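First up is the structure itself, then whatever we jot down about it.
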Amino acid sequence: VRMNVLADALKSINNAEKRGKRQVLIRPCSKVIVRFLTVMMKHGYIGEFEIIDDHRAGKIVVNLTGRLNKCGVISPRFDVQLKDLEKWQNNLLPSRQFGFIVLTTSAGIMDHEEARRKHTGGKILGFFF
Amino acid sequence: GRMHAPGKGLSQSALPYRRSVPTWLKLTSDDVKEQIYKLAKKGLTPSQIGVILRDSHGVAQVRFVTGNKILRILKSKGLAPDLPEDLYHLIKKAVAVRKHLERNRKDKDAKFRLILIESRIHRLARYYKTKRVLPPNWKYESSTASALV
Amino acid sequence: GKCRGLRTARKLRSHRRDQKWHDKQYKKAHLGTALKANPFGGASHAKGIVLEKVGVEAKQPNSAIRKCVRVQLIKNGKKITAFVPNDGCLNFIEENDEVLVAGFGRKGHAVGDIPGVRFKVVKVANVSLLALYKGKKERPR
RNA sequence: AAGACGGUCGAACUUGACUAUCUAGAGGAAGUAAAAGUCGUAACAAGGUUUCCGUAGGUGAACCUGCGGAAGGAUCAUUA
RNA sequence: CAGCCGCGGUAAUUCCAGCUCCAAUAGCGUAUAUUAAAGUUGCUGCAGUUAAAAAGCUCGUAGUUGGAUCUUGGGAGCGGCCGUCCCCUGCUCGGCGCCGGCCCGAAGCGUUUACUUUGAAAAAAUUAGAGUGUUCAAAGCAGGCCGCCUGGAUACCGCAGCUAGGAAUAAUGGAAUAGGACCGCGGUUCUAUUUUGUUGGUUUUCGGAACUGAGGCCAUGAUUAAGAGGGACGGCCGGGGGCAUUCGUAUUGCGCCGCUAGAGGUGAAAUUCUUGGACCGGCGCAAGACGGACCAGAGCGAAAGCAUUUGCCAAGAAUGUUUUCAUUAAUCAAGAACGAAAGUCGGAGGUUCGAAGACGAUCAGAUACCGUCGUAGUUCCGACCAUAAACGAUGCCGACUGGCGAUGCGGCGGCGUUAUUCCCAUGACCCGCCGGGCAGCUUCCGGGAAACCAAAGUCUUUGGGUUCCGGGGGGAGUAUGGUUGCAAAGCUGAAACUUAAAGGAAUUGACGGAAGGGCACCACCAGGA
RNA sequence: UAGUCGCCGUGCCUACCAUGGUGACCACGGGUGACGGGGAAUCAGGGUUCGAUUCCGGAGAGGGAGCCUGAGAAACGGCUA
RNA sequence: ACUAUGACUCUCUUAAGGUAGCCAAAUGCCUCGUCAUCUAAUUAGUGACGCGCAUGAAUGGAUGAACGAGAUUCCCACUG
RNA sequence: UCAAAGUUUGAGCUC
Ligand SMILES: [Mg+2]
Ligand SMILES: [Mg+2]
Ligand SMILES: [Mg+2]
Ligand SMILES: [Mg+2]
Ligand SMILES: [Mg+2]
Ligand SMILES: [Mg+2]
Ligand SMILES: [Mg+2]
Ligand SMILES: [Mg+2]
Ligand SMILES: [Mg+2]
Ligand SMILES: [Mg+2]
Ligand SMILES: [Mg+2]
Ligand SMILES: [Mg+2]
Ligand SMILES: [Mg+2]
Ligand SMILES: [Mg+2]
Ligand SMILES: [Mg+2]
Ligand SMILES: [Mg+2]
Ligand SMILES: [Mg+2]
Ligand SMILES: [Mg+2]
Ligand SMILES: [Mg+2]
Ligand SMILES: [Mg+2]
Ligand SMILES: [Mg+2]
Ligand SMILES: [Mg+2]
Ligand SMILES: [Mg+2]
Ligand SMILES: [Mg+2]
Ligand SMILES: [Mg+2]
Ligand SMILES: [Mg+2]
Ligand SMILES: [Mg+2]
Ligand SMILES: [Mg+2]
Ligand SMILES: [Mg+2]
Ligand SMILES: [Mg+2]
Ligand SMILES: [Mg+2]
Ligand SMILES: [Mg+2]
Ligand SMILES: [Mg+2]
Ligand SMILES: [Mg+2]
Ligand SMILES: [Mg+2]
Ligand SMILES: [Mg+2]
Ligand SMILES: [Mg+2]
Ligand SMILES: [Mg+2]
Ligand SMILES: [Mg+2]
Ligand SMILES: [Mg+2]
Ligand SMILES: [Mg+2]
Ligand SMILES: [Mg+2]
Ligand SMILES: [Mg+2]
Ligand SMILES: [Mg+2]
């Protein structure tokens with residue numbers, strides 16, 4: 001059965017961005033997804049999406065720009081100590097200059113660099129660059 | 001996809017967004033209940049009730065017009081059956097199968113379908129055991145089953 | 001992997017534990033039949049007595065008469081065709097003399113022409129065969 | 001003190017059972033490695049009876065035939 | 001000689017010597033175990049259409065994974081619309097004390113885990129590491145000024161246990177036959193204890209445990225109904241299954257009638273039948289196979305597969321649906337049902353064909369290919385069996401990314417033709433849309449060793465879930481052991497030893513008793529010495 | 001359950017009752033060229049193998065067993081088979 | 001292509017010329033056949049070998065649990 | 001509108 005909503009959505013967008021598609025409809029609306037989009041949006045990687053409320057699991061329409069090479073997921077949700085954060089971000093990213101690993105925490109949903117400022121380890125969700 | 005078959009049919013009811021009642025309908029929940037009492041007294045399932053109401057009286061859903069649902073109302077008045085109607089219909093089906101096989105011992109396909117049916121029964125039975133509607137000692141037993149319809 | 005579950009450590013480890021044995025080399029190391037069957041018994045050298053001189057013929061394209069020698073080990077009693085290498089060294093090897101034998105760099109595998117000969121002679125009577133071939137030392141008589 | 005009755009532990013010998021490991025052994029029957037034999041030429045070109053699969057029986061040897069499959073076939077088509 | 005490829009058959013850059021030249025230098029060579037190299041055991045990180053590979057199919061408890069839904073925000077002051085510092089529990093004894101009340105401090109109590117951060121706690125030795133002129137260093141923890149001055153630090157130290165902070169993600173409870181909260185009223189039974197100035201005793205008042213009557217108030221109590229799933233309903237649909245029932249010709253056999261001498265069969269013949277009437281034709285009878293042609297790149301079935309008529313029995317995929325329940329689900333060692341042909345055991349039946357077998361033919365041989373006979377078997381019922389290239393050689397669910405026409409089913413809409421005939425509403429055409437379904441074509445989507453695939457795609461930009469299974473060829477699916485079976489055999493399943501290659505796709509040749517084109521009197525054709 | 005022994009707690013031992021406990025989360029049984037650990041070698045990151053060996057803990061002095069003596073021994077450079 | 005043997009071929013004789021299996025057995029003269037085991041020692045007995053004077057397929061061949069007042073050989077305990 | 005067609009010194013090919 002459908003286990004991971006986010007896991008289906010993020011593939012759908014990467015198969016859009018490869019084709020240069022302009023706006024994308026995603027069928028199951030989750031709160032975690034919503035937090036994820038708002039994280040990338042405040043930092044400027046995409047435009048203004050809008051969510052279609054049905055007294056139900058909503059839908060979401062993303063107006064896509066063209067700056068996103070990939071937006072990936074890590075299943076299963078691994079715990080991540082501050083020891084392993086460097087090895088993860090090394091092996092999981094293009095470079096030491098750019099690209100991000102987004103992990104939700106007790107503190108809240110935020111980037112790994114913000115986790116470095118706040119002194120907060122946690123559970124890896126995914127990444128993008 | 002379906003559980004014990006290869007079909008993957010997508011056909012079902014689709015309820016609309018407005019949970020509001022229409023303007024033309026002025027039949028109250030109390031009047032509908034007095035109808036419920038008569039029909040339950042006469043002997044009828046929640047399904048067939050919901051069917052008639054939507055057909056003649058033009059009231060598609062009671063859950064939407066009134067607040068609570070039809071089965072919980074029947075449960076309040078003590079019309080609910082000893083066990084759920086779907087298990088009722090399955091054992092009745094099971095019996096007719098074993099009956100037809102009794103003369104017709106060869107029907108192998110009938111044996112295969114029977115066995116899948118019983119697997120489906122015990123699956124539901126464990127759900128209802130967790131939902132705390134059957135007692136722990138309940139048990140489908142082809143010997144005793146035919147007593148139950 | 002395929003089960004990328006968070007709680008399948010056991011299932012994974014078990015599978016690995018079964019499949020290591022299908023690797024031919026691990027099985028080679030950990031079952032004893034190879035170590036026991038090997039007359040060297042996990043050793044570099046082994047002493048033995050010369051009992052006869054044999055000219056084994058070479059394999060194809062090449063064409064040669066390789067000079068081997070049937071030794072019998074003392075500790076087990078097993079019999080070996082230890083090959084003497086270089087030019088004119090066989091006249092030195094007298095019969096009924098102790099020679100230290102070594103391998104041939106292949107870990108249980110035949111080498112080229114000499115069919116089934118994994119062993120070569122190092123010493124003769126506390127005298128290096130090299131020293132005899134070079135002419136540094138002499139045989140004690 | 002010498003000494004004796006009794007209890008407990010009990011070495012040791014005798015026997016059996018199971019159990020592990022190594023091992024001799026008349027003669028037989030397989031595989032593999034060298035050869036420039038002897039008998040034929042199945043197979044690869046329709047290999048001159050297309051090939052192969054499962055299963056039965058047969059024959060000095062390779063092989064043969066029966067029944068039902070597959071094409072990795074010598075046909076991706078054959079006409080209201 | 002050469003780890004390997006290879007060298008050596010009379011000018012050997014490969015041997016033995018000399019002549020030189022190279023690497024390393026008081027050190028180098030050889031052997032064996034072992035490690036990186038190995039993305040050749042892969043969690044990070046392999047493969048599984050064709051190179052080795054997916055259980056024949058489906059059911060099934062443990063195992064593993066599982067939809068959505070409940071707190072978001074608020075107050076005062078701050079910095080260059082933006083960010084940050086300050087704050088977001090509740091329910092007996094004294095002072096920031098102030099004019100019995102208010103607040104604070106203290107004691108006790110808190111629906112519960114995983115997760116994360118702190119501290120303590122950790123034997124030294126070791127490792128990393130600060131300092132330090134062993135004359136450098138390897139070492140040591142010493143030393144330095146001319147009486148004095150200093151060092152003899154520090155870090156890492158899995159996992160589990162404890163300690164206090166944080167509460168997003170993943171569980172988990174709660175009020176639904178309300179034996180439901182607050183705060184109250186009165187009984188029944190039992191008592192902590194204070195009391196009547198002093199000698200003694202009890203119940204009360206007044207406090208603390210169980211039981212028991214009827215209230216007032218609570219916004220009074222039940223998350224949605226998933227393009228998750230089950231079950232119901234409507235008319236359909238289909239070589240779907242079983243049982244019983246009906247029909248057809250042909251067939252071979254028989255009986256009878258007609259004319260008659262050959263018939264059979266082959267590349268060419270004979271054994272064979274035949275003037276005791278063959279073959280051929282007509283009419284009757286007979287038994288068991290088989291249901292052609294209609295029959296499609298069509299349907300249904302878990303899979304093998306499933307097609308003469310009619311009847312009975314029940315089922316099901318798919319469709320329409322504002323039908324009910326509200327997480328009941330997906331995949332699965334162990335265990336189980338089914339499973340073409342041959343084979344086996346009993347009966348029943350024994351028409352055809354036809355393993356075996358015999359003989360007749362060709363042929364150097366043929367114990368085969370050709371022929372005449374012909375046994376078991378081939379048919380039905382009842383008992384076993386579980387193996388095929390059981391092939392799409394392609395496991396199941398789930399999502400997304402190009403078209404195009406055709407088709408089968410159910411459903412919907414829409415000029416007109418055409419039968420019901422006399423309209424309606426149905427039937428056949430006709431033009432469309434919708435769901436999933438067997439297939440087809442199509443392209444620089446991208447992938448792939450290529451052959452190829454809208455899937456064999458969404459891969460070094462590598463993780464949606466889960467089973468099975470492969471790691472050089474042979475030896476060998478053998479042996480030994482175990483288990484099943486009347487037997488046949490099935491299943492599980494090693495090693496020694498040998499060996500440097502085995503294979504796939506595609507290119508160019510060569511060959512072809514494969515086809516299409518074209519030519520020549522050292523080819524033929526027509527002929528001649 | 002009640003005692004015995006023992007410095008105490010306990011099938012440690014004795015007697016009388018009850019009939020339990022473990023198991024695909026791999027027990028049970030068999031193997032181990034296994035004393036354990038602190039550590040070493042190797043390395044990109046993950047890991048792999050080794051570690052009798054000068055510090056700690058255990059066990060042992062031909063094989064097994066038994067004991068006096070002592071605060072302390074089931075001692076082996078103390079005894080009896 | 002060591003000798004031996006003879007897979008293979010022919011011929012004479014008859015209508016073919018002993019296939020599958022088995023043994024010095026209750027069937028073998030020469031014979032106490034030869035080798036191994038069983039004994040200190042074994043012309044007996046058991047297991048392989050086959051040239052079988054003269055094995056052999058319903059004149060049935062081979063096996064085979066249970067049973068035998070059947071024929072032989074050995075071992076334990078036991079005994080005038 | 002299908003009877004058949006076997007072999008080839010050991011005495012030296014090749015980037
Ligand atoms: Mg399933
Ligand atoms: Mg052939
Ligand atoms: Mg042909
Ligand atoms: Mg052929
Ligand atoms: Mg072929
Ligand atoms: Mg024959
Ligand atoms: Mg030289
Ligand atoms: Mg590597
Ligand atoms: Mg390695
Ligand atoms: Mg192949
Ligand atoms: Mg293959
Ligand atoms: Mg399959
Ligand atoms: Mg397969
Ligand atoms: Mg979810
Ligand atoms: Mg017919
Ligand atoms: Mg089939
Ligand atoms: Mg299994
Ligand atoms: Mg069959
Ligand atoms: Mg059959
Ligand atoms: Mg039978
Ligand atoms: Mg025939
Ligand atoms: Mg003949
Ligand atoms: Mg024939
Ligand atoms: Mg198969
Ligand atoms: Mg991969
Ligand atoms: Mg192999
Ligand atoms: Mg080779
Ligand atoms: Mg000529
Ligand atoms: Mg001409
Ligand atoms: Mg340490
Ligand atoms: Mg120690
Ligand atoms: Mg210790
Ligand atoms: Mg000791
Ligand atoms: Mg002692
Ligand atoms: Mg001394
Ligand atoms: Mg001592
Ligand atoms: Mg004998
Ligand atoms: Mg015979
Ligand atoms: Mg007789
Ligand atoms: Mg006779
Ligand atoms: Mg006789
Ligand atoms: Mg016998
Ligand atoms: Mg021919
Ligand atoms: Mg020749």
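We label chains A, B, ... in the order they appear in the structure tokens, count residues from 1 in each chain, and number ligands from 1 in the order shown.
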
Around ligand 18, out to 12 Å and counting only C-alpha atoms (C1' of nucleotides) and all ligand atoms, which residues are there? I want them as a PDB file with N, CA and C atoms (P, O5', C5', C4', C3', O3' and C1' of nucleotides), in the first residue's frame.
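result-v1.pdb written:
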ATOM      1  P     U D  55      12.437 -36.133 -16.649  1.00  0.00           P
ATOM      2  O5'   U D  55      11.483 -37.338 -17.064  1.00  0.00           O
ATOM      3  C5'   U D  55      10.177 -37.433 -16.511  1.00  0.00           C
ATOM      4  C4'   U D  55       9.272 -38.310 -17.337  1.00  0.00           C
ATOM      5  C3'   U D  55       9.728 -39.731 -17.552  1.00  0.00           C
ATOM      6  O3'   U D  55       9.492 -40.526 -16.406  1.00  0.00           O
ATOM      7  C1'   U D  55       8.887 -38.824 -19.565  1.00  0.00           C
ATOM      8  P     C D  67       3.134 -40.560 -31.718  1.00  0.00           P
ATOM      9  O5'   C D  67       2.561 -39.694 -30.519  1.00  0.00           O
ATOM     10  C5'   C D  67       1.415 -40.133 -29.814  1.00  0.00           C
ATOM     11  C4'   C D  67       1.427 -39.639 -28.398  1.00  0.00           C
ATOM     12  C3'   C D  67       1.435 -38.142 -28.231  1.00  0.00           C
ATOM     13  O3'   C D  67       0.138 -37.617 -28.471  1.00  0.00           O
ATOM     14  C1'   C D  67       2.920 -39.147 -26.693  1.00  0.00           C
ATOM     15  P     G D  68      -0.116 -36.298 -29.352  1.00  0.00           P
ATOM     16  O5'   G D  68       0.353 -35.122 -28.401  1.00  0.00           O
ATOM     17  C5'   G D  68      -0.304 -34.979 -27.165  1.00  0.00           C
ATOM     18  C4'   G D  68       0.397 -34.023 -26.240  1.00  0.00           C
ATOM     19  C3'   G D  68       1.010 -32.770 -26.824  1.00  0.00           C
ATOM     20  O3'   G D  68       0.056 -31.768 -27.147  1.00  0.00           O
ATOM     21  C1'   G D  68       2.501 -33.727 -25.282  1.00  0.00           C
TER      22        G D  68
ATOM     23  P     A E 304      -1.571 -21.132 -17.933  1.00  0.00           P
ATOM     24  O5'   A E 304      -1.773 -22.707 -17.932  1.00  0.00           O
ATOM     25  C5'   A E 304      -0.611 -23.512 -17.984  1.00  0.00           C
ATOM     26  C4'   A E 304      -0.856 -24.993 -17.795  1.00  0.00           C
ATOM     27  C3'   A E 304      -1.689 -25.730 -18.846  1.00  0.00           C
ATOM     28  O3'   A E 304      -0.963 -26.122 -19.999  1.00  0.00           O
ATOM     29  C1'   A E 304      -2.400 -26.375 -16.722  1.00  0.00           C
ATOM     30  P     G E 339      -5.642 -31.179  -9.744  1.00  0.00           P
ATOM     31  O5'   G E 339      -4.376 -30.492 -10.426  1.00  0.00           O
ATOM     32  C5'   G E 339      -4.487 -29.770 -11.642  1.00  0.00           C
ATOM     33  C4'   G E 339      -3.160 -29.188 -12.032  1.00  0.00           C
ATOM     34  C3'   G E 339      -2.092 -30.185 -12.443  1.00  0.00           C
ATOM     35  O3'   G E 339      -2.151 -30.587 -13.793  1.00  0.00           O
ATOM     36  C1'   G E 339      -1.219 -28.738 -10.832  1.00  0.00           C
ATOM     37  P     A E 340      -2.236 -32.147 -14.119  1.00  0.00           P
ATOM     38  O5'   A E 340      -2.104 -32.242 -15.697  1.00  0.00           O
ATOM     39  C5'   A E 340      -3.097 -31.640 -16.499  1.00  0.00           C
ATOM     40  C4'   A E 340      -2.717 -31.511 -17.949  1.00  0.00           C
ATOM     41  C3'   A E 340      -2.196 -32.773 -18.615  1.00  0.00           C
ATOM     42  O3'   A E 340      -3.237 -33.678 -18.915  1.00  0.00           O
ATOM     43  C1'   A E 340      -0.931 -30.914 -19.318  1.00  0.00           C
ATOM     44  P     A E 341      -3.084 -35.254 -18.644  1.00  0.00           P
ATOM     45  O5'   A E 341      -1.873 -35.711 -19.560  1.00  0.00           O
ATOM     46  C5'   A E 341      -2.022 -35.641 -20.966  1.00  0.00           C
ATOM     47  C4'   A E 341      -0.754 -35.976 -21.699  1.00  0.00           C
ATOM     48  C3'   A E 341      -0.083 -37.268 -21.291  1.00  0.00           C
ATOM     49  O3'   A E 341      -0.707 -38.379 -21.917  1.00  0.00           O
ATOM     50  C1'   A E 341       1.517 -35.571 -21.373  1.00  0.00           C
ATOM     51  P     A E 342      -0.926 -39.786 -21.169  1.00  0.00           P
ATOM     52  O5'   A E 342       0.521 -40.436 -21.008  1.00  0.00           O
ATOM     53  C5'   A E 342       1.298 -40.777 -22.146  1.00  0.00           C
ATOM     54  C4'   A E 342       2.752 -40.944 -21.790  1.00  0.00           C
ATOM     55  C3'   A E 342       3.061 -42.016 -20.777  1.00  0.00           C
ATOM     56  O3'   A E 342       3.076 -43.307 -21.338  1.00  0.00           O
ATOM     57  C1'   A E 342       4.207 -40.075 -20.179  1.00  0.00           C
ATOM     58  P     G E 343       2.356 -44.531 -20.597  1.00  0.00           P
ATOM     59  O5'   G E 343       3.102 -44.663 -19.198  1.00  0.00           O
ATOM     60  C5'   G E 343       4.490 -44.915 -19.117  1.00  0.00           C
ATOM     61  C4'   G E 343       4.959 -44.874 -17.691  1.00  0.00           C
ATOM     62  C3'   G E 343       4.137 -45.742 -16.783  1.00  0.00           C
ATOM     63  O3'   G E 343       4.491 -47.106 -16.951  1.00  0.00           O
ATOM     64  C1'   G E 343       4.479 -43.674 -15.741  1.00  0.00           C
ATOM     65  P     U E 344       3.393 -48.273 -16.863  1.00  0.00           P
ATOM     66  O5'   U E 344       2.958 -48.226 -15.348  1.00  0.00           O
ATOM     67  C5'   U E 344       3.917 -48.447 -14.350  1.00  0.00           C
ATOM     68  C4'   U E 344       3.322 -48.260 -12.992  1.00  0.00           C
ATOM     69  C3'   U E 344       2.066 -49.046 -12.732  1.00  0.00           C
ATOM     70  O3'   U E 344       2.316 -50.402 -12.509  1.00  0.00           O
ATOM     71  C1'   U E 344       1.826 -46.893 -11.851  1.00  0.00           C
ATOM     72  P     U E 378      -4.083 -45.237 -20.789  1.00  0.00           P
ATOM     73  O5'   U E 378      -4.299 -44.475 -22.171  1.00  0.00           O
ATOM     74  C5'   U E 378      -3.530 -43.332 -22.502  1.00  0.00           C
ATOM     75  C4'   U E 378      -3.841 -42.835 -23.888  1.00  0.00           C
ATOM     76  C3'   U E 378      -5.300 -42.556 -24.174  1.00  0.00           C
ATOM     77  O3'   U E 378      -5.648 -41.235 -23.809  1.00  0.00           O
ATOM     78  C1'   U E 378      -4.355 -43.851 -25.928  1.00  0.00           C
ATOM     79  P     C E 384      -5.116 -41.828  -3.021  1.00  0.00           P
ATOM     80  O5'   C E 384      -4.229 -41.542  -4.304  1.00  0.00           O
ATOM     81  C5'   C E 384      -2.981 -40.900  -4.159  1.00  0.00           C
ATOM     82  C4'   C E 384      -1.819 -41.753  -4.566  1.00  0.00           C
ATOM     83  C3'   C E 384      -0.552 -40.997  -4.929  1.00  0.00           C
ATOM     84  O3'   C E 384       0.257 -40.715  -3.809  1.00  0.00           O
ATOM     85  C1'   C E 384      -1.041 -42.544  -6.632  1.00  0.00           C
ATOM     86  P     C E 385       0.910 -39.258  -3.626  1.00  0.00           P
ATOM     87  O5'   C E 385       1.641 -39.035  -5.016  1.00  0.00           O
ATOM     88  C5'   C E 385       2.796 -39.792  -5.310  1.00  0.00           C
ATOM     89  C4'   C E 385       3.303 -39.548  -6.699  1.00  0.00           C
ATOM     90  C3'   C E 385       3.751 -38.133  -6.987  1.00  0.00           C
ATOM     91  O3'   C E 385       5.101 -37.946  -6.617  1.00  0.00           O
ATOM     92  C1'   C E 385       2.324 -38.901  -8.716  1.00  0.00           C
ATOM     93  P     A E 386       5.503 -36.811  -5.565  1.00  0.00           P
ATOM     94  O5'   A E 386       5.440 -35.538  -6.496  1.00  0.00           O
ATOM     95  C5'   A E 386       6.335 -35.511  -7.592  1.00  0.00           C
ATOM     96  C4'   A E 386       6.086 -34.368  -8.531  1.00  0.00           C
ATOM     97  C3'   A E 386       6.296 -32.987  -7.926  1.00  0.00           C
ATOM     98  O3'   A E 386       6.731 -32.101  -8.953  1.00  0.00           O
ATOM     99  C1'   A E 386       4.084 -33.179  -8.653  1.00  0.00           C
ATOM    100  P     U E 387       7.641 -30.825  -8.618  1.00  0.00           P
ATOM    101  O5'   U E 387       8.733 -30.827  -9.776  1.00  0.00           O
ATOM    102  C5'   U E 387       9.582 -31.941 -10.026  1.00  0.00           C
ATOM    103  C4'   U E 387       9.375 -32.558 -11.388  1.00  0.00           C
ATOM    104  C3'   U E 387       9.594 -31.657 -12.603  1.00  0.00           C
ATOM    105  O3'   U E 387      10.955 -31.451 -12.958  1.00  0.00           O
ATOM    106  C1'   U E 387       7.792 -33.231 -12.898  1.00  0.00           C
TER     107        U E 387
END

Once DSSP has gone over the backbone, tell me which residues of chain C are in strand (DSSP E or B), as a VMD selection string.
-> chain C and resid 45 to 57 65 to 73 79 to 83 98 to 102 120 to 121 123 128

Ligand 17: which residues are within 9 Å, counting only C-alpha atoms (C1' of nucleotides) and all ligand atoms, as a PDB file with N, CA and C atoms (P, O5', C5', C4', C3', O3' and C1' of nucleotides), in the first residue's frame?
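After the write, pocket-v8.pdb holds the following:
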ATOM      1  P     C E 332       4.738 -12.635  -1.597  1.00  0.00           P
ATOM      2  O5'   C E 332       5.851 -12.945  -0.498  1.00  0.00           O
ATOM      3  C5'   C E 332       5.831 -14.201   0.181  1.00  0.00           C
ATOM      4  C4'   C E 332       6.443 -14.160   1.560  1.00  0.00           C
ATOM      5  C3'   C E 332       6.473 -15.480   2.327  1.00  0.00           C
ATOM      6  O3'   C E 332       7.611 -16.270   1.998  1.00  0.00           O
ATOM      7  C1'   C E 332       5.632 -13.768   3.724  1.00  0.00           C
ATOM      8  P     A E 333       7.543 -17.879   1.905  1.00  0.00           P
ATOM      9  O5'   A E 333       7.606 -18.337   3.435  1.00  0.00           O
ATOM     10  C5'   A E 333       7.956 -19.652   3.883  1.00  0.00           C
ATOM     11  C4'   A E 333       9.406 -19.734   4.297  1.00  0.00           C
ATOM     12  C3'   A E 333       9.847 -20.958   5.103  1.00  0.00           C
ATOM     13  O3'   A E 333      10.329 -22.006   4.282  1.00  0.00           O
ATOM     14  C1'   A E 333      10.404 -19.013   6.281  1.00  0.00           C
ATOM     15  P     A E 334       9.446 -23.316   4.012  1.00  0.00           P
ATOM     16  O5'   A E 334       8.816 -23.660   5.429  1.00  0.00           O
ATOM     17  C5'   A E 334       9.630 -24.031   6.531  1.00  0.00           C
ATOM     18  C4'   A E 334       8.804 -24.169   7.793  1.00  0.00           C
ATOM     19  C3'   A E 334       7.557 -25.009   7.597  1.00  0.00           C
ATOM     20  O3'   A E 334       7.852 -26.389   7.559  1.00  0.00           O
ATOM     21  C1'   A E 334       7.004 -23.096   8.838  1.00  0.00           C
TER      22        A E 334
END

Among the residues of chain C, find those DSSP assigns to helix (DSSP H, G or I) from the backbone and print them as a VMD selection string.
-> chain C and resid 9 to 22 24 to 30 32 to 37 129 to 134

Could you write out that same residue set with C-alpha atoms as an mmCIF file, in the first residue's frame?
data_model
loop_
_atom_site.group_PDB
_atom_site.id
_atom_site.type_symbol
_atom_site.label_atom_id
_atom_site.label_comp_id
_atom_site.auth_asym_id
_atom_site.auth_seq_id
_atom_site.Cartn_x
_atom_site.Cartn_y
_atom_site.Cartn_z
ATOM 1 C CA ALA C 9 19.735 -6.300 11.380
ATOM 2 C CA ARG C 10 19.305 -9.911 12.224
ATOM 3 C CA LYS C 11 17.797 -10.908 8.887
ATOM 4 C CA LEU C 12 20.603 -9.198 7.065
ATOM 5 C CA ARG C 13 23.410 -10.557 9.165
ATOM 6 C CA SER C 14 22.006 -14.074 8.855
ATOM 7 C CA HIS C 15 21.874 -13.831 5.103
ATOM 8 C CA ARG C 16 25.465 -12.669 4.975
ATOM 9 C CA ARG C 17 26.528 -15.483 7.260
ATOM 10 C CA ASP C 18 24.999 -18.009 4.878
ATOM 11 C CA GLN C 19 26.476 -16.523 1.745
ATOM 12 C CA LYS C 20 30.056 -16.157 2.946
ATOM 13 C CA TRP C 21 30.266 -19.953 2.617
ATOM 14 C CA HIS C 22 29.414 -19.880 -1.082
ATOM 15 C CA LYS C 24 35.126 -20.594 -2.568
ATOM 16 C CA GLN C 25 38.082 -18.936 -0.823
ATOM 17 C CA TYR C 26 36.503 -18.430 2.615
ATOM 18 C CA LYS C 27 35.404 -22.012 2.695
ATOM 19 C CA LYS C 28 38.962 -22.858 1.705
ATOM 20 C CA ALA C 29 40.337 -21.011 4.702
ATOM 21 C CA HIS C 30 37.918 -22.156 7.391
ATOM 22 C CA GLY C 32 40.012 -28.005 7.768
ATOM 23 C CA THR C 33 40.053 -30.505 4.929
ATOM 24 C CA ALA C 34 42.368 -28.303 2.870
ATOM 25 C CA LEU C 35 44.748 -27.534 5.702
ATOM 26 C CA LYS C 36 44.933 -31.164 6.778
ATOM 27 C CA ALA C 37 45.191 -32.477 3.214
ATOM 28 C CA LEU C 129 71.995 -25.517 -3.579
ATOM 29 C CA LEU C 130 72.666 -21.978 -4.717
ATOM 30 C CA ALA C 131 76.079 -22.012 -3.116
ATOM 31 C CA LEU C 132 76.826 -25.255 -4.929
ATOM 32 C CA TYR C 133 75.629 -23.932 -8.293
ATOM 33 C CA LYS C 134 77.583 -20.676 -7.925
#

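Reported to one decimal place, the separation of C1' of residue 452 in chain E from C1' of residue 76 in chain D is 15.9 Å.
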
Would you give me, as a tab-separated table, each residue of chain F having an atom within 12 Å of an atom of chain A, along with its shortest atom pair and that distance in Å to one decimal, using only C-alpha atoms (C1' of nucleotides) and sorting by chain and residue number?
residue	atom	partner	partner_atom	distance
F:44	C1'	A:91	CA	11.3
F:45	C1'	A:87	CA	7.2
F:46	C1'	A:87	CA	10.0

For chain G versus ligand 42, which residues have an atom no more than 12 Å away, and what is each residue's nearest atom pair and distance in Å rounded to one decimal, using only C-alpha atoms (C1' of nucleotides) and all ligand atoms, chain-then-number order, as a tab-separated table?
residue	atom	partner	partner_atom_place_in_ligand_line	distance
G:62	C1'	ligand 42	1 (Mg)	10.5
G:63	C1'	ligand 42	1 (Mg)	7.1
G:64	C1'	ligand 42	1 (Mg)	6.8
G:65	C1'	ligand 42	1 (Mg)	11.0

Spatial neighbours of range 37-50 of chain D, 8 Å, only C-alpha atoms (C1' of nucleotides), chain gap at least 6 places, as JSON, numbers by chain = {"D": [62, 63, 73, 74], "E": [369, 511, 512, 513, 514], "G": [1, 7, 8], "H": [6]}
